[PDB]
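Please read the structure below before turning to the comments.
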Amino acid sequence: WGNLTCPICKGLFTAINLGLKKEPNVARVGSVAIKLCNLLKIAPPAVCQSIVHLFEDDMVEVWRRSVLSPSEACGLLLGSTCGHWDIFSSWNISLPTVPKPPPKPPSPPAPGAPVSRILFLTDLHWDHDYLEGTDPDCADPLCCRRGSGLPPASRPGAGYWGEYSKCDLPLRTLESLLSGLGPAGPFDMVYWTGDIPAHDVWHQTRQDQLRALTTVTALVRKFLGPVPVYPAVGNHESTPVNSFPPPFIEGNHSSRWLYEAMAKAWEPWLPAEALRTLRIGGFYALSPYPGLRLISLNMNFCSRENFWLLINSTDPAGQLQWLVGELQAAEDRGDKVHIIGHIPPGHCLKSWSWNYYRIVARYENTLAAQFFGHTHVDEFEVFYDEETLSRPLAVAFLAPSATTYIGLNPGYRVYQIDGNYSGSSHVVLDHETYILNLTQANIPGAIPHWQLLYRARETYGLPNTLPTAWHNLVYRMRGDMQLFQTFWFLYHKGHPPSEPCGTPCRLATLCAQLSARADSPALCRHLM
Ligand SMILES: *[C@@H]1O[C@H](CO)[C@@H](O[C@@H]2O[C@H](CO)[C@@H](O)[C@H](O)[C@H]2NC(C)=O)[C@H](O)[C@H]1NC(C)=O
Ligand SMILES: *[C@@H]1O[C@H](CO)[C@@H](O[C@@H]2O[C@H](CO)[C@@H](O)[C@H](O)[C@H]2NC(C)=O)[C@H](O)[C@H]1NC(C)=O
Ligand SMILES: *[C@@H]1O[C@H](CO)[C@@H](O)[C@H](O)[C@H]1NC(C)=O
Ligand SMILES: *[C@@H]1O[C@H](CO)[C@@H](O)[C@H](O)[C@H]1NC(C)=O
Ligand SMILES: [Zn+2]
Ligand SMILES: [Zn+2]
């Protein structure tokens, strides 16, 4: 008989579940997994072993509770009649029934108006074990560190301040960055959008991550003193990397250890109501100025690499619904909003990104600026209206990384923003990027000099940095190879790759600038 397949299917996966709770079976999962890691030469055997032992516990639990959960698996295999497969299913948040007011671009600031200067720091990736002179091109995923061994005598080891390879930054190079901020300042606030630990992801204890948090935190408080700093949660803060279980998972394997430690390390910067949200799901809002709301989002809940979302991808932590509430409240008060976060919205899971896109379109008048990092390169994302995908209505600045990883100059970013006064638009007016030219900083017996790399309005001839100016820049760059090469140069913080970026490469790079929503090829219909 056939009437027995559904009972048998569930019986199988219920026992599947119970089998995978026993630690010696988890180890057995790891043992074969390490041997396959070695057969496909994914990495040196030592890291294969480390990374699987680190990942196996959380990973087997996630699979047990999702793909192999009887309701899901028998849904996939046997159809809606037996269970219900809903892994990464589509979902929608609710916009309030308040009418969307008429679209209104920001007013040009009056002459002599207050300008707010914001320092933007992202992707610091301090590698505690960075070791000068070690091999920059080792067989591991991160080199120039303890255990990378020595290079051949034909090439030189890692520069004292960094290296142009898959290498991160020694703490002293981070110290130099903060020490040299004087010329670029003074600053009204700092936005600090994540990635404190290095890319040593095969051996990262909770203590290694907290030391990184605690150490780098203390360093910026030492150099910025009274200047408020607003962090956002990066994907490398936790362990395993990208492992951010949503608050519906409680216990030791939750993110309590990370968010609680952040709340105590960041107490001097964030108010009390904000520390509440931070402890729950690593996001928060506060008011830097009267008339301005800042919202710090945790992009790991949108992230394609957060394997916990296999259990439930629907608006994790209710963060998007919470964001709607705050934006409406801001609209009701006539406030403007800054959003900061780590992973840029265009790189999120499809459903999350589409709801965020819709949220941005709805509150285009209230959102004044958007800031992300994570990509380590200097770029941006343009938002358009939902109705026609052709009227530019927002832009996200993707600031480049402090880390070299990979092959880049260290860099950081400063914004001029319509300042602190009643009626301010609070939009970005211009920005500047500073870099450390490693080819001359690494000269023996040299003292690093952080130099201004460029100023946005000056080099791109922009009349402002409103969304329409950046839309225009992308389409200008489509037809002006010299201008695109400038963008390509700055994209890599002054150290572009040797291989020329030709026609296909250019189109893909330009396309990325317009793709603020994931899996939406239509946004690039005018390029290809
Ligand atoms: C919570 O779970 C973590 C694993 O994620 C446990 O951490 C390990 O503790 C041993 C004990 O010496 C260390 O050798 C490992 O390196 C630790 N792993 C990590 C990733 O930090 C931790 O002990 C657990 N805590 C409780 C209270 O159960
Ligand atoms: C994943 O969690 C979300 C909520 O975070 C669940 O969506 C809820 O489902 C219940 C039961 O039908 C409803 O009463 C709630 O109103 C829903 N909330 C939202 C925001 O949609 C979802 O069902 C969960 N998925 C799984 C597989 O457990
Ligand atoms: C969400 O809205 C879209 C319309 O864009 C619709 O296709 C989808 O079925 C909706 N999902 C839910 C759960 O309402
Ligand atoms: C960095 O310095 C080297 C050495 O003088 C120079 O060739 C290169 O053009 C410089 N690049 C930048 C972006 O400063
Ligand atoms: Zn990142
Ligand atoms: Zn990074």
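Note on naming: chains are A, B, ... as they come in the structure tokens, residues start from 1 per chain, ligands start from 1 in the order shown.
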So which residues touch stretch 78-85 of chain A within 9 Å, counting only C-alpha atoms, skipping near sequence neighbours fewer than 4 positions away, as a count of residues only? 12
For ligand 1, collect every residue having any atom at a distance of at most 9 Å from a ligand atom (counting only C-alpha atoms and all ligand atoms); output as JSON, numbers by chain. {"A": [54, 55, 57, 58, 203, 204, 205, 206, 207, 208, 209, 239, 240, 251, 252, 253, 254]}
Ligand 3 neighbours within 12 Å using only C-alpha atoms and all ligand atoms, as a list in words: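 My answer, listing the contacting residues, is residues 86, 89, 90, 91, 92, 93, 94, 95, 314, 315, 351, 352, 354, 355, 357, 358, 386 and 387 of chain A.
Within the 6 Å cut-off around residue A:431, using only C-alpha atoms and omitting residues fewer than 6 positions from it on the same chain, the listed residues are residues 414, 415, 416, 455 and 456 of chain A.
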Counting only C-alpha atoms and all ligand atoms, give me one row per residue of chain A with an atom at most 7 Å from an atom of ligand 6, showing the shortest contact pair and its distance in Å to one decimal, sorted by chain then residue number, as a tab-separated table.
residue	atom	partner	partner_atom_place_in_ligand_line	distance
A:123	CA	ligand 6	1 (Zn)	4.8
A:125	CA	ligand 6	1 (Zn)	6.9
A:195	CA	ligand 6	1 (Zn)	5.6
A:374	CA	ligand 6	1 (Zn)	4.8
A:375	CA	ligand 6	1 (Zn)	6.5
A:376	CA	ligand 6	1 (Zn)	6.1
Can those selected residues be exported to a file as an mmCIF file, in the first residue's frame so that it contains N, CA, C and O atoms?
data_model
loop_
_atom_site.group_PDB
_atom_site.id
_atom_site.type_symbol
_atom_site.label_atom_id
_atom_site.label_comp_id
_atom_site.auth_asym_id
_atom_site.auth_seq_id
_atom_site.Cartn_x
_atom_site.Cartn_y
_atom_site.Cartn_z
ATOM 1 N N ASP A 123 34.828 47.575 8.937
ATOM 2 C CA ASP A 123 35.647 46.425 8.557
ATOM 3 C C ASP A 123 37.098 46.617 8.991
ATOM 4 O O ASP A 123 38.031 46.632 8.186
ATOM 5 N N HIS A 125 38.790 44.566 11.044
ATOM 6 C CA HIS A 125 39.421 43.247 11.070
ATOM 7 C C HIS A 125 40.823 43.239 11.669
ATOM 8 O O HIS A 125 41.808 43.031 10.953
ATOM 9 N N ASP A 195 32.498 44.353 11.905
ATOM 10 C CA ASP A 195 33.679 43.565 11.560
ATOM 11 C C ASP A 195 34.921 43.945 12.356
ATOM 12 O O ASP A 195 35.792 44.674 11.873
ATOM 13 N N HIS A 374 30.837 46.204 4.761
ATOM 14 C CA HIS A 374 30.855 44.779 4.445
ATOM 15 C C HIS A 374 31.512 44.471 3.104
ATOM 16 O O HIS A 374 32.209 43.460 2.973
ATOM 17 N N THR A 375 31.297 45.298 2.091
ATOM 18 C CA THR A 375 31.911 44.966 0.815
ATOM 19 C C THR A 375 33.395 45.304 0.737
ATOM 20 O O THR A 375 34.059 44.844 -0.198
ATOM 21 N N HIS A 376 33.904 46.148 1.640
ATOM 22 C CA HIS A 376 35.320 46.510 1.748
ATOM 23 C C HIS A 376 35.776 47.436 0.627
ATOM 24 O O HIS A 376 36.888 47.973 0.672
#
Using only C-alpha atoms and all ligand atoms, tabulate the residues of chain A lying at most 8 Å from any atom of ligand 4, each with its closest atom pair and that distance in Å to one decimal, by chain and increasing residue number, as a tab-separated table.
residue	atom	partner	partner_atom_place_in_ligand_line	distance
A:435	CA	ligand 4	13 (C)	7.9
A:436	CA	ligand 4	14 (O)	7.9
A:437	CA	ligand 4	1 (C)	5.0
A:438	CA	ligand 4	1 (C)	7.1
A:439	CA	ligand 4	2 (O)	5.4
A:440	CA	ligand 4	2 (O)	5.4
A:451	CA	ligand 4	14 (O)	7.8
A:453	CA	ligand 4	13 (C)	6.8
A:493	CA	ligand 4	13 (C)	7.3
A:494	CA	ligand 4	13 (C)	4.2
A:495	CA	ligand 4	13 (C)	6.5
With a distance cut-off of 12 Å and only C-alpha atoms, select the neighbouring residues of residue A:445, excluding the residue or stretch itself and same-chain residues fewer than 2 positions from it, and output the selection as a PyMOL selection string. chain A and resi 159-161+440-443+447-448
May I ask you to write as JSON, numbers by chain all residues lying at most 12 Å from ligand 5, with only C-alpha atoms and all ligand atoms counted? {"A": [122, 123, 124, 125, 193, 194, 195, 196, 197, 198, 199, 232, 233, 234, 235, 236, 237, 238, 241, 242, 298, 299, 300, 303, 305, 306, 341, 342, 343, 344, 347, 372, 373, 374, 375, 376, 377, 398, 399, 400, 401, 402, 403, 405]}
Keeping C-alpha atoms for every residue in the selection just given, could you write it to a file as a tab-separated table (two decimals), in the first residue's frame?
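Writing the result to selection.tsv gives the following:
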chain	number	residue	atom	x	y	z
A	122	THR	CA	34.03	49.84	9.01
A	123	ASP	CA	35.65	46.42	8.56
A	124	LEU	CA	38.60	47.00	10.83
A	125	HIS	CA	39.42	43.25	11.07
A	193	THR	CA	29.45	49.45	11.18
A	194	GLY	CA	30.94	46.14	12.20
A	195	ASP	CA	33.68	43.57	11.56
A	196	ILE	CA	36.15	43.69	14.46
A	197	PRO	CA	37.69	40.17	14.42
A	198	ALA	CA	39.89	39.04	11.56
A	199	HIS	CA	39.20	36.39	8.90
A	232	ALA	CA	26.39	48.26	14.17
A	233	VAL	CA	26.77	44.49	14.34
A	234	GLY	CA	28.99	42.92	11.69
A	235	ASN	CA	28.96	39.35	10.48
A	236	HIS	CA	32.36	38.48	12.00
A	237	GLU	CA	31.57	39.47	15.60
A	238	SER	CA	30.07	36.09	16.49
A	241	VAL	CA	31.27	33.42	11.55
A	242	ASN	CA	27.80	34.55	10.40
A	298	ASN	CA	21.63	43.97	12.50
A	299	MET	CA	22.05	42.78	8.91
A	300	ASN	CA	22.92	39.21	9.92
A	303	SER	CA	22.17	37.49	5.54
A	305	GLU	CA	25.25	33.12	5.17
A	306	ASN	CA	23.43	33.11	8.52
A	341	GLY	CA	24.24	48.55	9.11
A	342	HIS	CA	26.87	46.09	8.00
A	343	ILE	CA	25.75	43.90	5.07
A	344	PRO	CA	24.30	46.18	2.35
A	347	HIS	CA	23.23	41.52	-0.65
A	372	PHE	CA	26.61	50.20	5.05
A	373	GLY	CA	29.98	48.46	4.73
A	374	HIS	CA	30.85	44.78	4.45
A	375	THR	CA	31.91	44.97	0.81
A	376	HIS	CA	35.32	46.51	1.75
A	377	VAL	CA	35.23	48.49	-1.50
A	398	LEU	CA	28.93	51.47	0.83
A	399	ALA	CA	32.08	52.80	2.50
A	400	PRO	CA	35.39	50.96	2.05
A	401	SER	CA	37.17	48.94	4.71
A	402	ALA	CA	39.90	49.69	7.20
A	403	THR	CA	41.33	46.22	6.52
A	405	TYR	CA	41.63	42.14	2.94
When you look at stretch 181-185 of chain A with a cut-off of 12 Å (counting only C-alpha atoms), what residues show up, excluding the ones that are within fewer than 2 positions of it in the same chain? I need them as an NGL selection string. :A and (116-121 or 174-179 or 187-190 or 220 or 223-224 or 227 or 411-416 or 431-435 or 449-453 or 455)
Considering only C-alpha atoms, return as a PDB file with N, CA and C atoms, in the first residue's frame whatever protein or nucleic-acid residues lie within 10 Å of stretch 272-282 of chain A, sequence-local ones (same chain, fewer than 4 positions apart) excluded.
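This is the output file selection-v7.pdb:
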ATOM      1  N   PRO A 231      27.876  51.978  17.063  1.00  0.00           N
ATOM      2  CA  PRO A 231      28.199  50.721  16.385  1.00  0.00           C
ATOM      3  C   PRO A 231      26.999  50.066  15.721  1.00  0.00           C
ATOM      4  N   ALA A 232      27.317  49.226  14.741  1.00  0.00           N
ATOM      5  CA  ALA A 232      26.394  48.261  14.166  1.00  0.00           C
ATOM      6  C   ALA A 232      27.069  46.897  14.179  1.00  0.00           C
ATOM      7  N   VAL A 233      26.258  45.844  14.151  1.00  0.00           N
ATOM      8  CA  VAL A 233      26.766  44.490  14.341  1.00  0.00           C
ATOM      9  C   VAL A 233      27.172  43.898  12.997  1.00  0.00           C
ATOM     10  N   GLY A 234      28.450  43.521  12.890  1.00  0.00           N
ATOM     11  CA  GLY A 234      28.990  42.916  11.690  1.00  0.00           C
ATOM     12  C   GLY A 234      28.776  41.413  11.671  1.00  0.00           C
ATOM     13  N   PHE A 244      24.311  33.907  13.911  1.00  0.00           N
ATOM     14  CA  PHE A 244      23.532  34.842  14.720  1.00  0.00           C
ATOM     15  C   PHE A 244      22.134  34.276  14.911  1.00  0.00           C
ATOM     16  N   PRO A 245      21.961  33.330  15.834  1.00  0.00           N
ATOM     17  CA  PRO A 245      20.632  32.767  16.070  1.00  0.00           C
ATOM     18  C   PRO A 245      19.673  33.853  16.517  1.00  0.00           C
ATOM     19  N   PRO A 246      18.478  33.901  15.939  1.00  0.00           N
ATOM     20  CA  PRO A 246      17.503  34.917  16.333  1.00  0.00           C
ATOM     21  C   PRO A 246      17.029  34.691  17.756  1.00  0.00           C
ATOM     22  N   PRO A 247      16.422  35.703  18.388  1.00  0.00           N
ATOM     23  CA  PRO A 247      16.063  35.576  19.811  1.00  0.00           C
ATOM     24  C   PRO A 247      15.103  34.432  20.129  1.00  0.00           C
ATOM     25  N   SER A 255      22.860  34.127  21.119  1.00  0.00           N
ATOM     26  CA  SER A 255      23.782  35.243  20.961  1.00  0.00           C
ATOM     27  C   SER A 255      23.843  36.114  22.214  1.00  0.00           C
ATOM     28  N   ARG A 256      23.386  35.589  23.357  1.00  0.00           N
ATOM     29  CA  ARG A 256      23.388  36.364  24.595  1.00  0.00           C
ATOM     30  C   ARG A 256      24.790  36.831  24.956  1.00  0.00           C
ATOM     31  N   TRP A 257      25.772  35.937  24.825  1.00  0.00           N
ATOM     32  CA  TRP A 257      27.147  36.263  25.180  1.00  0.00           C
ATOM     33  C   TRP A 257      27.683  37.437  24.376  1.00  0.00           C
ATOM     34  N   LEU A 258      27.272  37.559  23.113  1.00  0.00           N
ATOM     35  CA  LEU A 258      27.819  38.605  22.256  1.00  0.00           C
ATOM     36  C   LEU A 258      27.099  39.929  22.459  1.00  0.00           C
ATOM     37  N   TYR A 259      25.765  39.903  22.451  1.00  0.00           N
ATOM     38  CA  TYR A 259      25.011  41.148  22.557  1.00  0.00           C
ATOM     39  C   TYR A 259      25.155  41.751  23.948  1.00  0.00           C
ATOM     40  N   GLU A 260      25.142  40.912  24.985  1.00  0.00           N
ATOM     41  CA  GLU A 260      25.295  41.435  26.335  1.00  0.00           C
ATOM     42  C   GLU A 260      26.659  42.084  26.517  1.00  0.00           C
ATOM     43  N   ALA A 261      27.713  41.457  25.986  1.00  0.00           N
ATOM     44  CA  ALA A 261      29.050  42.034  26.102  1.00  0.00           C
ATOM     45  C   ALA A 261      29.141  43.352  25.345  1.00  0.00           C
ATOM     46  N   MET A 262      28.491  43.432  24.182  1.00  0.00           N
ATOM     47  CA  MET A 262      28.438  44.683  23.430  1.00  0.00           C
ATOM     48  C   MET A 262      27.734  45.767  24.245  1.00  0.00           C
ATOM     49  N   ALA A 263      26.632  45.410  24.915  1.00  0.00           N
ATOM     50  CA  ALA A 263      25.874  46.382  25.698  1.00  0.00           C
ATOM     51  C   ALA A 263      26.713  46.992  26.812  1.00  0.00           C
ATOM     52  N   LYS A 264      27.635  46.223  27.387  1.00  0.00           N
ATOM     53  CA  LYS A 264      28.462  46.771  28.457  1.00  0.00           C
ATOM     54  C   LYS A 264      29.655  47.520  27.884  1.00  0.00           C
ATOM     55  N   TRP A 266      29.582  49.184  25.082  1.00  0.00           N
ATOM     56  CA  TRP A 266      29.071  50.331  24.350  1.00  0.00           C
ATOM     57  C   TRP A 266      28.118  51.159  25.198  1.00  0.00           C
ATOM     58  N   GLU A 267      28.064  50.892  26.504  1.00  0.00           N
ATOM     59  CA  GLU A 267      27.200  51.668  27.391  1.00  0.00           C
ATOM     60  C   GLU A 267      27.524  53.160  27.376  1.00  0.00           C
ATOM     61  N   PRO A 268      28.791  53.600  27.359  1.00  0.00           N
ATOM     62  CA  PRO A 268      29.058  55.050  27.340  1.00  0.00           C
ATOM     63  C   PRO A 268      28.549  55.751  26.098  1.00  0.00           C
ATOM     64  N   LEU A 286      18.288  55.651  18.390  1.00  0.00           N
ATOM     65  CA  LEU A 286      18.522  56.753  19.319  1.00  0.00           C
ATOM     66  C   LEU A 286      18.405  58.068  18.551  1.00  0.00           C
ATOM     67  N   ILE A 295      18.998  54.749  13.336  1.00  0.00           N
ATOM     68  CA  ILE A 295      18.574  53.366  13.497  1.00  0.00           C
ATOM     69  C   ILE A 295      19.741  52.475  13.106  1.00  0.00           C
ATOM     70  N   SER A 296      20.201  51.652  14.046  1.00  0.00           N
ATOM     71  CA  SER A 296      21.298  50.721  13.805  1.00  0.00           C
ATOM     72  C   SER A 296      20.717  49.325  13.640  1.00  0.00           C
ATOM     73  N   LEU A 297      20.800  48.796  12.424  1.00  0.00           N
ATOM     74  CA  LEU A 297      20.231  47.506  12.067  1.00  0.00           C
ATOM     75  C   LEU A 297      21.271  46.388  12.143  1.00  0.00           C
ATOM     76  N   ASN A 298      20.809  45.190  12.501  1.00  0.00           N
ATOM     77  CA  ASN A 298      21.626  43.973  12.497  1.00  0.00           C
ATOM     78  C   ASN A 298      21.402  43.176  11.213  1.00  0.00           C
ATOM     79  N   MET A 299      22.263  43.398  10.215  1.00  0.00           N
ATOM     80  CA  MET A 299      22.049  42.777   8.908  1.00  0.00           C
ATOM     81  C   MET A 299      22.269  41.270   8.881  1.00  0.00           C
ATOM     82  N   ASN A 300      22.793  40.665   9.941  1.00  0.00           N
ATOM     83  CA  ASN A 300      22.922  39.215   9.915  1.00  0.00           C
ATOM     84  C   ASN A 300      21.564  38.531   9.856  1.00  0.00           C
ATOM     85  N   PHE A 301      20.491  39.240  10.198  1.00  0.00           N
ATOM     86  CA  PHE A 301      19.162  38.655  10.116  1.00  0.00           C
ATOM     87  C   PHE A 301      18.601  38.697   8.702  1.00  0.00           C
ATOM     88  N   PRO A 316      13.349  38.010  11.073  1.00  0.00           N
ATOM     89  CA  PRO A 316      13.907  37.564  12.354  1.00  0.00           C
ATOM     90  C   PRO A 316      14.043  38.724  13.328  1.00  0.00           C
ATOM     91  N   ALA A 317      13.679  38.462  14.586  1.00  0.00           N
ATOM     92  CA  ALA A 317      13.637  39.428  15.683  1.00  0.00           C
ATOM     93  C   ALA A 317      12.594  40.515  15.463  1.00  0.00           C
ATOM     94  N   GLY A 318      11.732  40.368  14.454  1.00  0.00           N
ATOM     95  CA  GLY A 318      10.753  41.396  14.138  1.00  0.00           C
ATOM     96  C   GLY A 318      11.391  42.732  13.838  1.00  0.00           C
ATOM     97  N   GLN A 319      12.630  42.707  13.345  1.00  0.00           N
ATOM     98  CA  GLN A 319      13.407  43.929  13.183  1.00  0.00           C
ATOM     99  C   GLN A 319      12.830  44.826  12.094  1.00  0.00           C
TER     100      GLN A 319
END
From A:25, A:69, A:49, A:313, residue lying nearest ligand 2 [only C-alpha atoms and all ligand atoms]: A:313
List the spatial neighbours of residue A:109 as a PyMOL selection string - criterion: any atom at most 10 Å away, only C-alpha atoms, same-chain residues fewer than 4 positions off excluded. chain A and resi 113-115+418-419+423-427+429
Output file for the selection above: N, CA and C atoms, as a PDB file, in the first residue's frame:
ATOM      1  N   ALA A 113      24.841  77.348   6.499  1.00  0.00           N
ATOM      2  CA  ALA A 113      24.147  76.518   7.465  1.00  0.00           C
ATOM      3  C   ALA A 113      25.117  75.569   8.168  1.00  0.00           C
ATOM      4  N   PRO A 114      24.796  75.163   9.395  1.00  0.00           N
ATOM      5  CA  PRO A 114      25.625  74.183  10.105  1.00  0.00           C
ATOM      6  C   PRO A 114      25.817  72.922   9.278  1.00  0.00           C
ATOM      7  N   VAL A 115      27.066  72.471   9.187  1.00  0.00           N
ATOM      8  CA  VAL A 115      27.405  71.192   8.575  1.00  0.00           C
ATOM      9  C   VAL A 115      27.907  70.235   9.644  1.00  0.00           C
ATOM     10  N   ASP A 418      24.111  67.645   6.195  1.00  0.00           N
ATOM     11  CA  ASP A 418      23.320  68.812   6.570  1.00  0.00           C
ATOM     12  C   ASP A 418      23.049  68.767   8.071  1.00  0.00           C
ATOM     13  N   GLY A 419      23.500  69.801   8.777  1.00  0.00           N
ATOM     14  CA  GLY A 419      23.794  69.714  10.195  1.00  0.00           C
ATOM     15  C   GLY A 419      22.650  69.806  11.183  1.00  0.00           C
ATOM     16  N   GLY A 423      14.731  72.147  10.857  1.00  0.00           N
ATOM     17  CA  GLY A 423      14.425  72.172   9.442  1.00  0.00           C
ATOM     18  C   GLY A 423      15.485  71.567   8.547  1.00  0.00           C
ATOM     19  N   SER A 424      16.630  71.184   9.105  1.00  0.00           N
ATOM     20  CA  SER A 424      17.682  70.526   8.346  1.00  0.00           C
ATOM     21  C   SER A 424      17.164  69.304   7.600  1.00  0.00           C
ATOM     22  N   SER A 425      17.747  69.068   6.421  1.00  0.00           N
ATOM     23  CA  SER A 425      17.404  67.897   5.629  1.00  0.00           C
ATOM     24  C   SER A 425      18.121  66.658   6.130  1.00  0.00           C
ATOM     25  N   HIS A 426      19.256  66.843   6.801  1.00  0.00           N
ATOM     26  CA  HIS A 426      20.066  65.769   7.360  1.00  0.00           C
ATOM     27  C   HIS A 426      20.558  64.788   6.298  1.00  0.00           C
ATOM     28  N   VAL A 427      20.608  65.205   5.039  1.00  0.00           N
ATOM     29  CA  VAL A 427      21.113  64.339   3.984  1.00  0.00           C
ATOM     30  C   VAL A 427      22.615  64.532   3.844  1.00  0.00           C
ATOM     31  N   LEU A 429      25.884  65.597   2.151  1.00  0.00           N
ATOM     32  CA  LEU A 429      26.213  66.680   1.235  1.00  0.00           C
ATOM     33  C   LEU A 429      27.457  66.395   0.406  1.00  0.00           C
TER      34      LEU A 429
END
Mind dumping a table of every stretch 361-399 of chain A residue within 10 Å of stretch 517-524 of chain A, with the nearest atom pair and its distance in Å to one decimal, using only C-alpha atoms, sorted by chain and rising number, as CSV?
residue,atom,partner,partner_atom,distance
A:381,CA,A:517,CA,9.0
A:382,CA,A:517,CA,9.2
A:383,CA,A:517,CA,7.9
A:384,CA,A:523,CA,8.7
A:389,CA,A:523,CA,6.8
A:390,CA,A:523,CA,8.3
Keeping only C-alpha atoms, take the residues you just selected and write them out as an mmCIF file, in the first residue's frame.
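For reference, result_33.cif as written:
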data_model
loop_
_atom_site.group_PDB
_atom_site.id
_atom_site.type_symbol
_atom_site.label_atom_id
_atom_site.label_comp_id
_atom_site.auth_asym_id
_atom_site.auth_seq_id
_atom_site.Cartn_x
_atom_site.Cartn_y
_atom_site.Cartn_z
ATOM 1 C CA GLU A 381 23.394 51.404 -4.047
ATOM 2 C CA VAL A 382 20.560 53.425 -5.632
ATOM 3 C CA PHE A 383 16.904 52.921 -4.640
ATOM 4 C CA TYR A 384 13.952 53.508 -6.977
ATOM 5 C CA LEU A 389 11.742 51.271 -10.853
ATOM 6 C CA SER A 390 12.900 54.440 -12.608
#
DSSP helix (DSSP H, G or I) selection over stretch 258-365 of chain A, as a PyMOL selection string: chain A and resi 258-265+272-281+299-301+307-310+316-333+345-347+350-362
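Checking A:148, A:214, A:321, A:513 one by one against ligand 2, counting only C-alpha atoms and all ligand atoms, you find the shortest gap at A:321.
Selecting strand (DSSP E) from the backbone DSSP output for stretch 125-261 of chain A yields residues 189, 190, 191, 192, 229, 230 and 231 of chain A.
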Output the selection as a CSV table (one decimal), in the first residue's frame - N, CA and C atoms for each residue.
chain,number,residue,atom,x,y,z
A,189,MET,N,29.8,62.8,15.3
A,189,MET,CA,29.6,61.4,15.7
A,189,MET,C,30.5,60.6,14.8
A,190,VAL,N,30.6,59.3,15.2
A,190,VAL,CA,31.2,58.3,14.4
A,190,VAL,C,30.2,57.2,14.2
A,191,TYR,N,30.0,56.7,13.0
A,191,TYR,CA,29.3,55.5,12.7
A,191,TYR,C,30.3,54.4,12.4
A,192,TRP,N,30.1,53.3,13.2
A,192,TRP,CA,31.1,52.2,13.3
A,192,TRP,C,30.3,50.9,12.9
A,229,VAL,N,30.0,57.4,19.5
A,229,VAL,CA,30.2,56.4,18.5
A,229,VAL,C,29.0,55.5,18.5
A,230,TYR,N,28.4,55.2,17.3
A,230,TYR,CA,27.3,54.3,17.2
A,230,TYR,C,27.6,53.1,16.4
A,231,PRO,N,27.9,52.0,17.1
A,231,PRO,CA,28.2,50.7,16.4
A,231,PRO,C,27.0,50.1,15.7
Taking into account only C-alpha atoms and all ligand atoms, which residue in the set A:217, A:302, A:309, A:37 is nearest to ligand 2?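 Result for the nearest residue to ligand 2: A:309.
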Between A:171, A:88, A:410, A:491, which residue has the minimum interatomic distance to ligand 2, considering only C-alpha atoms and all ligand atoms?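 Going through A:171, A:88, A:410, A:491 one by one, the smallest distance to ligand 2 is for A:88.
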I need the residue nearest ligand 2 from this list: A:65, A:526, A:391, A:146. Use only C-alpha atoms and all ligand atoms for the distance.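 For ligand 2, the nearest of the candidates is A:65.
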